[PDB]
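Structure file target_11.csv with CSV, C-alpha atoms:
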chain,number,residue,atom,x,y,z
K,1,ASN,CA,23.2,57.8,-54.1
K,2,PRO,CA,25.3,56.1,-51.4
K,3,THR,CA,25.0,57.0,-47.7
K,4,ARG,CA,28.5,57.3,-46.3
K,5,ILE,CA,28.8,57.0,-42.5
K,6,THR,CA,31.9,57.8,-40.5
K,7,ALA,CA,32.0,56.4,-37.0
K,8,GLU,CA,35.7,56.1,-36.0
K,9,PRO,CA,36.3,53.9,-33.0
K,10,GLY,CA,37.2,55.9,-29.9
K,11,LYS,CA,35.3,59.0,-31.0
K,12,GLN,CA,32.1,60.4,-29.6
K,13,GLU,CA,30.7,61.5,-32.9
K,14,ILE,CA,29.2,60.3,-36.2
K,15,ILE,CA,29.3,62.0,-39.6
K,16,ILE,CA,26.9,61.0,-42.4
K,17,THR,CA,27.1,62.3,-45.9
K,18,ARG,CA,24.4,61.8,-48.6
K,19,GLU,CA,23.5,63.4,-51.9
K,20,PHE,CA,20.0,64.0,-53.3
K,21,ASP,CA,18.9,64.6,-56.8
K,22,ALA,CA,17.0,67.8,-56.0
K,23,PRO,CA,17.9,71.4,-55.1
K,24,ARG,CA,18.7,72.0,-51.4
K,25,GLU,CA,15.7,74.3,-51.3
K,26,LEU,CA,13.5,71.2,-51.7
K,27,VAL,CA,15.5,69.0,-49.4
K,28,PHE,CA,15.5,71.7,-46.7
K,29,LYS,CA,11.7,72.0,-47.1
K,30,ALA,CA,11.4,68.2,-46.5
K,31,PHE,CA,13.1,68.9,-43.2
K,32,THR,CA,11.0,71.9,-42.1
K,33,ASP,CA,7.5,71.2,-43.4
K,34,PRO,CA,5.5,69.2,-40.8
K,35,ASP,CA,3.4,67.5,-43.5
K,36,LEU,CA,6.5,66.3,-45.4
K,37,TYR,CA,8.8,65.4,-42.5
K,38,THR,CA,6.6,62.6,-41.2
K,39,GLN,CA,6.6,61.0,-44.7
K,40,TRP,CA,10.3,60.1,-44.7
K,41,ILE,CA,11.6,60.2,-41.2
K,42,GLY,CA,12.2,57.0,-39.3
K,43,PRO,CA,13.0,53.4,-40.5
K,44,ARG,CA,10.8,51.5,-42.9
K,45,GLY,CA,7.6,50.2,-41.5
K,46,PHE,CA,7.4,53.0,-38.9
K,47,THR,CA,4.8,55.6,-38.4
K,48,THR,CA,5.5,59.1,-37.1
K,49,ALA,CA,3.1,61.5,-35.4
K,50,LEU,CA,4.2,65.0,-34.3
K,51,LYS,CA,3.4,66.5,-30.9
K,52,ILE,CA,5.3,69.8,-31.3
K,53,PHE,CA,7.2,71.0,-34.4
K,54,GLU,CA,8.8,74.4,-34.6
K,55,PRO,CA,11.3,74.6,-37.4
K,56,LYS,CA,12.9,77.9,-36.2
K,57,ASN,CA,15.6,79.2,-33.9
K,58,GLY,CA,14.6,78.4,-30.4
K,59,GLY,CA,11.8,76.2,-31.5
K,60,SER,CA,11.0,72.8,-29.8
K,61,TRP,CA,10.1,69.6,-31.6
K,62,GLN,CA,8.7,66.3,-30.4
K,63,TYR,CA,7.4,63.2,-32.1
K,64,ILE,CA,6.3,59.6,-31.5
K,65,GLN,CA,7.0,56.7,-33.8
K,66,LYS,CA,5.2,53.4,-34.0
K,67,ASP,CA,6.7,50.2,-35.2
K,68,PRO,CA,4.6,47.8,-37.5
K,69,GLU,CA,3.2,46.2,-34.4
K,70,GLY,CA,2.3,48.9,-31.8
K,71,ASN,CA,5.5,49.7,-29.9
K,72,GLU,CA,6.1,53.4,-29.4
K,73,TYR,CA,9.3,55.4,-29.5
K,74,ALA,CA,9.2,59.1,-28.3
K,75,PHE,CA,11.9,61.7,-29.1
K,76,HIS,CA,12.3,65.4,-28.5
K,77,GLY,CA,14.7,68.3,-28.9
K,78,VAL,CA,15.1,72.0,-29.4
K,79,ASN,CA,16.4,73.8,-32.5
K,80,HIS,CA,19.4,76.0,-31.9
K,81,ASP,CA,19.4,77.2,-35.4
K,82,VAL,CA,17.3,76.8,-38.5
K,83,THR,CA,18.7,78.8,-41.4
K,84,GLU,CA,17.2,78.1,-44.8
K,85,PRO,CA,18.6,76.5,-46.8
K,86,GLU,CA,22.0,76.3,-45.1
K,87,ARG,CA,21.7,74.3,-41.9
K,88,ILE,CA,19.8,73.0,-38.9
K,89,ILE,CA,21.3,72.6,-35.5
K,90,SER,CA,19.3,71.0,-32.7
K,91,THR,CA,19.4,68.7,-29.7
K,92,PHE,CA,18.0,65.2,-29.8
K,93,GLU,CA,16.8,62.9,-27.0
K,94,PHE,CA,15.3,59.4,-27.2
K,95,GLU,CA,12.9,59.2,-24.2
K,96,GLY,CA,13.0,55.4,-24.2
K,97,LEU,CA,16.4,55.2,-22.5
K,98,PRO,CA,16.4,54.1,-18.8
K,99,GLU,CA,18.6,57.0,-17.7
K,100,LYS,CA,17.9,60.6,-18.5
K,101,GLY,CA,20.5,63.2,-19.5
K,102,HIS,CA,21.8,61.5,-22.7
K,103,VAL,CA,21.4,64.2,-25.2
K,104,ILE,CA,22.9,64.5,-28.7
K,105,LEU,CA,23.7,67.6,-30.7
K,106,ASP,CA,22.9,67.3,-34.4
K,107,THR,CA,24.1,69.6,-37.1
K,108,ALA,CA,22.7,69.1,-40.6
K,109,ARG,CA,24.4,71.0,-43.4
K,110,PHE,CA,22.9,71.5,-46.8
K,111,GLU,CA,25.1,72.4,-49.8
K,112,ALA,CA,24.2,73.0,-53.4
K,113,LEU,CA,25.9,70.8,-56.0
K,114,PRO,CA,26.3,71.2,-59.8
K,115,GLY,CA,23.1,70.3,-61.6
K,116,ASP,CA,20.8,71.7,-58.9
K,117,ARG,CA,21.6,68.8,-56.6
K,118,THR,CA,22.2,68.6,-52.9
K,119,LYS,CA,24.8,67.2,-50.5
K,120,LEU,CA,23.6,66.7,-46.9
K,121,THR,CA,26.2,66.3,-44.1
K,122,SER,CA,24.7,65.2,-40.7
K,123,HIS,CA,26.9,65.6,-37.7
K,124,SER,CA,25.9,63.7,-34.5
K,125,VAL,CA,27.9,64.5,-31.4
K,126,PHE,CA,27.2,62.3,-28.4
K,127,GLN,CA,27.7,62.7,-24.7
K,128,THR,CA,30.2,59.8,-24.5
K,129,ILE,CA,31.8,57.3,-26.8
K,130,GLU,CA,29.5,54.5,-25.4
K,131,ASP,CA,26.4,56.6,-26.2
K,132,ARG,CA,27.8,56.9,-29.7
K,133,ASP,CA,28.4,53.2,-29.8
K,134,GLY,CA,25.0,52.3,-28.4
K,135,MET,CA,23.3,54.4,-31.2
K,136,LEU,CA,25.1,52.4,-33.9
K,137,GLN,CA,24.2,49.1,-32.2
K,138,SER,CA,20.5,50.1,-32.5
K,139,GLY,CA,20.7,49.5,-36.2
K,140,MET,CA,20.9,53.3,-36.8
K,141,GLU,CA,23.0,52.9,-39.9
K,142,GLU,CA,20.1,50.9,-41.3
K,143,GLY,CA,17.3,53.2,-40.3
K,144,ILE,CA,19.1,56.2,-41.7
K,145,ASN,CA,19.5,54.5,-45.0
K,146,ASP,CA,15.7,53.7,-45.1
K,147,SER,CA,14.7,57.3,-44.3
K,148,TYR,CA,17.0,58.7,-46.9
K,149,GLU,CA,15.5,56.3,-49.4
K,150,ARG,CA,12.0,57.4,-48.3
K,151,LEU,CA,13.2,61.0,-48.9
K,152,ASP,CA,14.4,60.2,-52.4
K,153,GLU,CA,10.9,59.1,-53.2
K,154,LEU,CA,9.3,62.1,-51.6
K,155,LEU,CA,11.7,64.5,-53.4
K,156,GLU,CA,10.6,63.0,-56.7
K,157,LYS,CA,7.0,63.7,-55.9
K,158,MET,CA,7.9,67.2,-54.9
K,159,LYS,CA,9.9,67.8,-58.1
K,160,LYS,CA,7.0,66.4,-60.2
K,161,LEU,CA,4.6,68.8,-58.5
K,162,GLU,CA,7.1,71.5,-59.2
K,163,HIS,CA,6.9,71.8,-63.0
J,1,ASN,CA,37.8,74.4,-3.6
J,2,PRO,CA,39.8,73.4,-6.7
J,3,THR,CA,38.5,73.6,-10.3
J,4,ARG,CA,39.6,70.4,-12.1
J,5,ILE,CA,39.5,70.6,-15.9
J,6,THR,CA,39.9,67.6,-18.2
J,7,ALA,CA,40.7,68.4,-21.8
J,8,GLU,CA,42.5,65.4,-23.2
J,9,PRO,CA,44.4,66.1,-26.5
J,10,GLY,CA,42.6,64.6,-29.5
J,11,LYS,CA,39.1,64.8,-27.9
J,12,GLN,CA,36.3,67.2,-28.8
J,13,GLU,CA,35.1,67.6,-25.3
J,14,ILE,CA,36.0,69.2,-22.0
J,15,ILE,CA,34.9,68.1,-18.5
J,16,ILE,CA,35.1,70.4,-15.5
J,17,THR,CA,34.4,69.5,-11.9
J,18,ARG,CA,34.1,71.9,-9.0
J,19,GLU,CA,32.6,71.7,-5.5
J,20,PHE,CA,30.8,74.4,-3.6
J,21,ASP,CA,30.1,74.9,0.1
J,22,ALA,CA,26.4,75.2,-0.3
J,23,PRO,CA,23.4,72.9,-1.0
J,24,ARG,CA,22.8,72.2,-4.7
J,25,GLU,CA,19.4,73.8,-4.3
J,26,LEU,CA,21.2,77.1,-3.8
J,27,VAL,CA,23.8,76.5,-6.5
J,28,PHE,CA,21.1,75.5,-9.0
J,29,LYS,CA,19.2,78.7,-8.1
J,30,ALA,CA,22.4,80.8,-8.9
J,31,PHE,CA,22.1,79.2,-12.4
J,32,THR,CA,18.4,79.8,-13.0
J,33,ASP,CA,17.6,83.1,-11.3
J,34,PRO,CA,18.2,86.0,-13.7
J,35,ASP,CA,19.2,88.4,-11.0
J,36,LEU,CA,21.8,86.0,-9.6
J,37,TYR,CA,23.2,84.6,-12.8
J,38,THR,CA,24.6,88.0,-14.0
J,39,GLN,CA,26.5,88.4,-10.7
J,40,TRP,CA,28.9,85.6,-11.1
J,41,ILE,CA,29.0,84.6,-14.8
J,42,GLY,CA,31.8,85.6,-17.0
J,43,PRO,CA,35.5,86.4,-16.2
J,44,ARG,CA,36.5,89.0,-13.7
J,45,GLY,CA,36.1,92.6,-14.8
J,46,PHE,CA,33.3,91.7,-17.1
J,47,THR,CA,29.7,92.9,-17.1
J,48,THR,CA,26.8,90.8,-18.2
J,49,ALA,CA,23.4,92.0,-19.4
J,50,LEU,CA,20.6,89.6,-20.3
J,51,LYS,CA,18.4,89.9,-23.5
J,52,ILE,CA,16.4,86.6,-23.1
J,53,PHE,CA,16.6,84.2,-20.2
J,54,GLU,CA,14.2,81.2,-19.9
J,55,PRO,CA,15.5,78.6,-17.4
J,56,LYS,CA,13.1,75.9,-18.6
J,57,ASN,CA,12.9,73.0,-21.0
J,58,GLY,CA,12.7,74.5,-24.5
J,59,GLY,CA,13.6,78.0,-23.2
J,60,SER,CA,16.1,80.3,-25.0
J,61,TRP,CA,18.7,82.4,-23.5
J,62,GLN,CA,20.9,85.2,-24.7
J,63,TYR,CA,23.3,87.7,-23.1
J,64,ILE,CA,26.0,90.3,-23.9
J,65,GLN,CA,29.1,90.8,-21.8
J,66,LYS,CA,31.3,93.9,-21.7
J,67,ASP,CA,35.0,93.9,-20.9
J,68,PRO,CA,36.5,96.6,-18.6
J,69,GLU,CA,36.9,98.8,-21.6
J,70,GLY,CA,33.8,98.6,-23.8
J,71,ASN,CA,34.2,95.5,-26.0
J,72,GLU,CA,31.1,93.4,-26.3
J,73,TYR,CA,30.8,89.6,-26.5
J,74,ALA,CA,27.4,88.2,-27.4
J,75,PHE,CA,26.3,84.6,-26.7
J,76,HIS,CA,23.0,82.6,-27.0
J,77,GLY,CA,21.6,79.1,-26.8
J,78,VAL,CA,18.5,77.0,-26.0
J,79,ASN,CA,17.9,74.9,-23.0
J,80,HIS,CA,17.2,71.3,-23.8
J,81,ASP,CA,16.5,70.4,-20.2
J,82,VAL,CA,16.4,72.2,-16.9
J,83,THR,CA,15.5,69.8,-14.1
J,84,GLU,CA,15.9,71.3,-10.5
J,85,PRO,CA,18.2,70.6,-8.9
J,86,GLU,CA,19.6,67.8,-11.0
J,87,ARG,CA,20.9,69.2,-14.3
J,88,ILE,CA,20.8,71.7,-17.1
J,89,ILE,CA,21.4,70.8,-20.7
J,90,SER,CA,21.6,73.5,-23.4
J,91,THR,CA,23.4,74.7,-26.5
J,92,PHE,CA,25.9,77.5,-26.5
J,93,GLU,CA,27.1,79.8,-29.3
J,94,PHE,CA,29.6,82.7,-29.2
J,95,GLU,CA,28.3,85.2,-31.8
J,96,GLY,CA,31.8,86.8,-32.1
J,97,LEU,CA,33.2,84.0,-34.3
J,98,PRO,CA,33.8,84.7,-38.0
J,99,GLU,CA,32.0,81.5,-39.2
J,100,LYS,CA,28.5,80.5,-38.0
J,101,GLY,CA,27.5,77.0,-37.1
J,102,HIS,CA,30.0,76.4,-34.3
J,103,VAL,CA,27.7,75.3,-31.5
J,104,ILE,CA,28.5,73.5,-28.3
J,105,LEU,CA,26.4,71.2,-26.1
J,106,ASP,CA,26.7,71.9,-22.4
J,107,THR,CA,25.6,69.5,-19.7
J,108,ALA,CA,25.8,70.7,-16.1
J,109,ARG,CA,25.2,68.1,-13.4
J,110,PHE,CA,24.6,69.0,-9.8
J,111,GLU,CA,25.1,66.4,-7.1
J,112,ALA,CA,24.6,66.7,-3.3
J,113,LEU,CA,27.6,66.0,-1.1
J,114,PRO,CA,27.9,65.1,2.6
J,115,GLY,CA,27.5,68.2,4.7
J,116,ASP,CA,24.9,69.9,2.5
J,117,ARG,CA,27.6,70.6,-0.1
J,118,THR,CA,27.5,70.4,-3.9
J,119,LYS,CA,29.6,69.0,-6.7
J,120,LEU,CA,29.1,70.5,-10.2
J,121,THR,CA,30.2,68.6,-13.3
J,122,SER,CA,30.1,70.7,-16.5
J,123,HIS,CA,30.4,68.8,-19.8
J,124,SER,CA,31.2,70.8,-22.9
J,125,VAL,CA,31.0,68.8,-26.2
J,126,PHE,CA,32.4,70.7,-29.2
J,127,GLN,CA,31.7,70.3,-33.0
J,128,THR,CA,35.4,69.4,-33.6
J,129,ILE,CA,38.6,69.0,-31.8
J,130,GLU,CA,39.9,72.3,-33.1
J,131,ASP,CA,36.8,74.1,-31.8
J,132,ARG,CA,37.5,72.5,-28.4
J,133,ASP,CA,41.2,73.6,-28.7
J,134,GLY,CA,40.3,77.1,-29.7
J,135,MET,CA,38.1,77.5,-26.6
J,136,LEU,CA,40.9,76.6,-24.3
J,137,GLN,CA,43.2,79.0,-26.1
J,138,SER,CA,40.8,81.8,-25.3
J,139,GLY,CA,41.9,81.6,-21.7
J,140,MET,CA,38.6,79.7,-20.9
J,141,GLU,CA,40.2,77.8,-18.0
J,142,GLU,CA,41.0,81.2,-16.4
J,143,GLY,CA,37.6,82.7,-16.9
J,144,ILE,CA,35.8,79.6,-15.6
J,145,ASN,CA,38.0,79.8,-12.4
J,146,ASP,CA,37.0,83.5,-11.9
J,147,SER,CA,33.3,82.9,-12.4
J,148,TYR,CA,33.3,80.0,-9.9
J,149,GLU,CA,35.1,82.2,-7.4
J,150,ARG,CA,32.5,84.9,-8.0
J,151,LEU,CA,29.9,82.2,-7.4
J,152,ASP,CA,31.6,81.2,-4.1
J,153,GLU,CA,31.2,84.8,-2.9
J,154,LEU,CA,27.5,85.0,-4.1
J,155,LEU,CA,26.7,81.6,-2.4
J,156,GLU,CA,28.0,83.0,0.9
J,157,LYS,CA,25.6,86.0,0.6
J,158,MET,CA,22.7,83.7,-0.3
J,159,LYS,CA,23.6,81.4,2.7
J,160,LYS,CA,23.8,84.5,5.0
J,161,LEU,CA,20.4,85.6,3.8
J,162,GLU,CA,19.1,82.1,4.4
J,163,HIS,CA,19.2,81.9,8.2
Spell out the structure here as structure tokens.
Amino acid sequence: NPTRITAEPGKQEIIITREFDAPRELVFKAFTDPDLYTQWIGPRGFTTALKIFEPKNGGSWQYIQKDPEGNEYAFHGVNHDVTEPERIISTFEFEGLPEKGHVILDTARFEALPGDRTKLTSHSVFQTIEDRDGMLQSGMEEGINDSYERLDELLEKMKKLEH
Amino acid sequence: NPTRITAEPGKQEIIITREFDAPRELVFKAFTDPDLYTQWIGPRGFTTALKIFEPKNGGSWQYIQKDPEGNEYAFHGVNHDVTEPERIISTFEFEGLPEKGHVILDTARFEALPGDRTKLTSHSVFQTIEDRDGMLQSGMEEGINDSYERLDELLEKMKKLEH
């Protein structure tokens, strides 16, 4: 399944679409179950440990990732809306930036497809076009691809466990 | 003090700048004190009652406004960051829309000016350009002007009470 990424020049947003060979109920769970989230999130070779994780309206979340060397990357946000298995809307901040205040609004939409499949549409809206650009420069398009691949593998395990 | 509003066509954001004749400490308080917030928020002739109000990182907020007739308008969001007296970042959703999922990310910046004055820069980033456009069509530029005027009056009372 291809990971389509739209990042038009001059715009302060990024849209990503990606399908999964599993029902959105399972995909949504991979997003809201603490023990599952850490197994696919982040780029390959990275480790993720959760500090706070509240997959509900008004809940906060915060995790720290470690590269295959020891470097740490801390992130946090708050969930505006978590409606199973429709969507998740929350803020996102990378604490490793020199200046504070650069916050992104993420909207993840989960739609059922024929054959009990799922189409995920992630919408990232940035503070400014440069913030959007800086994100892409950080090899985000690569990391996103890895995580989704990690998710494919996890979904298979979940499906196997199913029946 | 003029209320400058930038809403470039083709963009999914809106920037508003406005100065106040009071220290940002006082202005920030008008934003975080429950008993003060309801006295200036919303357009003229409107009444605002709070349901939840947590002016802190990870806090949720929710209020209902009534027009000078009886109509109700419900809104809610979550605060990503509340750092006194620097800024406030939070989500914003109008529950009166027919479709759910239209959420805005607001960033309010408070900067001190010469003469113990304040410059407030509000940044509204919408899901899509149409959402941004629809907001403006709702006479938002008018309501914002009213609220800021109501705030001017409230700030004077706060300053009088000061010394």
Go ahead and compute the interatomic distance for atom CA of residue K:152 and atom CA of residue K:133, in Å to one decimal. 27.5 Å
Name the residues, using the chain letters and numbers of the file, that sit within 10 Å of (17.8, 83.8, -25.4) when counting only C-alpha atoms, and give them as a VMD selection string. (chain K and resid 57 to 58) or (chain J and resid 50 to 55 59 to 63 75 to 79)
Would you give me, as an MDAnalysis selection string, the residues of chain K that come within 12 Å of chain J, using only C-alpha atoms? chainID K and resid 10:15 52:54 56:62 76:83 86:93 100:109 122:129
Least-squares superposed chain K, target chain J, every Cα, as a short mmCIF file (atom, residue, chain, number, x, y, z; two decimals) with C-alpha atoms, keeping the file's coordinate frame:
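Saved the output as superposed37.cif:
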data_model
loop_
_atom_site.label_atom_id
_atom_site.label_comp_id
_atom_site.auth_asym_id
_atom_site.auth_seq_id
_atom_site.Cartn_x
_atom_site.Cartn_y
_atom_site.Cartn_z
CA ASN K 1 37.75 74.32 -3.66
CA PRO K 2 39.85 73.42 -6.72
CA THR K 3 38.47 73.57 -10.28
CA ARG K 4 39.56 70.42 -12.07
CA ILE K 5 39.49 70.58 -15.89
CA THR K 6 39.89 67.61 -18.19
CA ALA K 7 40.75 68.42 -21.77
CA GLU K 8 42.51 65.33 -23.24
CA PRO K 9 44.36 66.01 -26.45
CA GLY K 10 42.59 64.55 -29.48
CA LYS K 11 39.14 64.77 -27.92
CA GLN K 12 36.32 67.10 -28.80
CA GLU K 13 35.13 67.60 -25.28
CA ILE K 14 35.95 69.23 -21.92
CA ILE K 15 34.90 68.11 -18.44
CA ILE K 16 35.08 70.49 -15.45
CA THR K 17 34.44 69.46 -11.91
CA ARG K 18 34.04 71.88 -8.95
CA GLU K 19 32.63 71.71 -5.45
CA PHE K 20 30.73 74.45 -3.59
CA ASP K 21 30.15 74.90 0.06
CA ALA K 22 26.37 75.22 -0.26
CA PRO K 23 23.44 72.87 -0.98
CA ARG K 24 22.80 72.17 -4.70
CA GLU K 25 19.43 73.82 -4.25
CA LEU K 26 21.28 77.14 -3.82
CA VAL K 27 23.83 76.52 -6.51
CA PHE K 28 21.09 75.51 -8.98
CA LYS K 29 19.21 78.73 -8.09
CA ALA K 30 22.39 80.75 -8.93
CA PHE K 31 22.10 79.17 -12.36
CA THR K 32 18.38 79.79 -12.96
CA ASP K 33 17.63 83.12 -11.29
CA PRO K 34 18.22 85.99 -13.77
CA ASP K 35 19.14 88.42 -10.97
CA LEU K 36 21.80 86.05 -9.56
CA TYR K 37 23.25 84.63 -12.78
CA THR K 38 24.63 87.94 -14.01
CA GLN K 39 26.48 88.39 -10.67
CA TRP K 40 28.90 85.50 -11.20
CA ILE K 41 28.95 84.56 -14.81
CA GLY K 42 31.83 85.61 -17.01
CA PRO K 43 35.53 86.42 -16.20
CA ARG K 44 36.56 89.04 -13.69
CA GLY K 45 36.14 92.58 -14.78
CA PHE K 46 33.24 91.71 -17.12
CA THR K 47 29.73 92.90 -17.09
CA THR K 48 26.76 90.80 -18.20
CA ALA K 49 23.36 91.99 -19.40
CA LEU K 50 20.59 89.53 -20.36
CA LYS K 51 18.48 89.83 -23.51
CA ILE K 52 16.42 86.63 -23.10
CA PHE K 53 16.57 84.16 -20.18
CA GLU K 54 14.27 81.20 -19.92
CA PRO K 55 15.53 78.67 -17.44
CA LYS K 56 13.14 75.86 -18.57
CA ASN K 57 12.88 73.04 -21.08
CA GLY K 58 12.72 74.56 -24.48
CA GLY K 59 13.59 77.96 -23.22
CA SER K 60 16.06 80.32 -25.06
CA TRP K 61 18.74 82.42 -23.41
CA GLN K 62 20.92 85.24 -24.68
CA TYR K 63 23.32 87.66 -23.07
CA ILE K 64 25.97 90.29 -23.80
CA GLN K 65 29.14 90.80 -21.83
CA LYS K 66 31.32 93.86 -21.66
CA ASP K 67 34.97 93.87 -20.91
CA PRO K 68 36.48 96.64 -18.55
CA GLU K 69 36.91 98.84 -21.57
CA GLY K 70 33.79 98.63 -23.83
CA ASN K 71 34.24 95.57 -26.04
CA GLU K 72 31.15 93.41 -26.33
CA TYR K 73 30.78 89.66 -26.47
CA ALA K 74 27.29 88.18 -27.36
CA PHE K 75 26.26 84.55 -26.71
CA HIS K 76 23.06 82.58 -27.07
CA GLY K 77 21.58 79.11 -26.75
CA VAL K 78 18.52 77.06 -26.02
CA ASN K 79 17.87 74.86 -22.98
CA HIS K 80 17.15 71.25 -23.77
CA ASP K 81 16.51 70.44 -20.22
CA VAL K 82 16.33 72.25 -16.92
CA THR K 83 15.52 69.89 -14.07
CA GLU K 84 15.90 71.28 -10.58
CA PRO K 85 18.19 70.59 -8.89
CA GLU K 86 19.64 67.79 -11.01
CA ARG K 87 20.90 69.19 -14.29
CA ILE K 88 20.86 71.70 -17.12
CA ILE K 89 21.45 70.80 -20.70
CA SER K 90 21.65 73.52 -23.35
CA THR K 91 23.38 74.69 -26.51
CA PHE K 92 25.89 77.49 -26.50
CA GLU K 93 27.07 79.81 -29.30
CA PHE K 94 29.56 82.70 -29.18
CA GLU K 95 28.32 85.15 -31.87
CA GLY K 96 31.75 86.77 -32.17
CA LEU K 97 33.20 83.96 -34.29
CA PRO K 98 33.73 84.74 -38.03
CA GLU K 99 31.97 81.56 -39.17
CA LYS K 100 28.56 80.51 -38.02
CA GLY K 101 27.50 76.95 -37.15
CA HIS K 102 29.98 76.31 -34.28
CA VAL K 103 27.71 75.27 -31.55
CA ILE K 104 28.53 73.53 -28.25
CA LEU K 105 26.36 71.27 -26.13
CA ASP K 106 26.74 71.84 -22.39
CA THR K 107 25.54 69.53 -19.69
CA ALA K 108 25.81 70.73 -16.10
CA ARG K 109 25.20 68.15 -13.39
CA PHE K 110 24.52 69.01 -9.80
CA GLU K 111 25.05 66.41 -7.04
CA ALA K 112 24.57 66.67 -3.32
CA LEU K 113 27.59 65.94 -1.12
CA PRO K 114 27.88 65.12 2.62
CA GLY K 115 27.50 68.23 4.72
CA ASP K 116 24.91 69.86 2.44
CA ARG K 117 27.56 70.62 -0.15
CA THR K 118 27.55 70.46 -3.90
CA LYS K 119 29.64 68.96 -6.71
CA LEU K 120 29.11 70.53 -10.16
CA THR K 121 30.26 68.60 -13.28
CA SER K 122 30.17 70.69 -16.54
CA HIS K 123 30.41 68.78 -19.75
CA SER K 124 31.27 70.77 -22.94
CA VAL K 125 31.05 68.87 -26.19
CA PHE K 126 32.33 70.71 -29.24
CA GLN K 127 31.74 70.37 -32.93
CA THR K 128 35.39 69.45 -33.66
CA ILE K 129 38.60 68.97 -31.77
CA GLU K 130 39.92 72.38 -33.09
CA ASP K 131 36.79 74.14 -31.75
CA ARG K 132 37.56 72.49 -28.44
CA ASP K 133 41.13 73.61 -28.70
CA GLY K 134 40.28 77.15 -29.73
CA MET K 135 38.01 77.51 -26.59
CA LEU K 136 40.91 76.59 -24.29
CA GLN K 137 43.24 79.00 -26.12
CA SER K 138 40.77 81.83 -25.29
CA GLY K 139 41.85 81.64 -21.70
CA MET K 140 38.62 79.71 -20.84
CA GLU K 141 40.28 77.78 -18.06
CA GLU K 142 40.97 81.15 -16.47
CA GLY K 143 37.57 82.69 -16.94
CA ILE K 144 35.86 79.64 -15.55
CA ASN K 145 37.95 79.79 -12.46
CA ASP K 146 37.01 83.53 -11.95
CA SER K 147 33.27 82.86 -12.35
CA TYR K 148 33.35 79.99 -9.95
CA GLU K 149 35.14 82.21 -7.48
CA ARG K 150 32.49 84.92 -8.05
CA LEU K 151 29.89 82.19 -7.33
CA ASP K 152 31.55 81.21 -4.08
CA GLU K 153 31.10 84.76 -2.94
CA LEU K 154 27.53 84.96 -4.09
CA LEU K 155 26.67 81.61 -2.43
CA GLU K 156 27.93 83.01 0.86
CA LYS K 157 25.63 85.97 0.57
CA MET K 158 22.78 83.67 -0.27
CA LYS K 159 23.52 81.38 2.70
CA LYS K 160 23.75 84.43 5.03
CA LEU K 161 20.36 85.62 3.82
CA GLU K 162 19.13 82.13 4.41
CA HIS K 163 19.25 81.88 8.22
#
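From atom CA of residue J:34 back to atom CA of residue J:69, the distance works out to 24.0 Å.
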In Å to one decimal, how far is atom CA of residue J:74 from atom CA of residue J:96?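 So the answer is 6.6 Å.
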If we count all atoms listed in the file and set the cut-off at 9 Å, which residues sit around residue K:1, ignoring sequence neighbours fewer than 3 positions away in its own chain? Please answer as a ChimeraX atom specification. /K:18-21
Residue nearest residue J:139 - candidates J:43, J:115, J:17, J:33, atoms counted: all atoms listed in the file: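 Checking each of J:43, J:115, J:17, J:33 against residue J:139, counting all atoms listed in the file, the winner is J:43.
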For residue J:70, which residue out of J:36, J:28, J:46, J:142 is the nearest one, using only C-alpha atoms? J:46
Ranking J:154, J:23, J:64, J:97 by minimum distance to residue J:138 and counting only C-alpha atoms, which one comes first? J:97
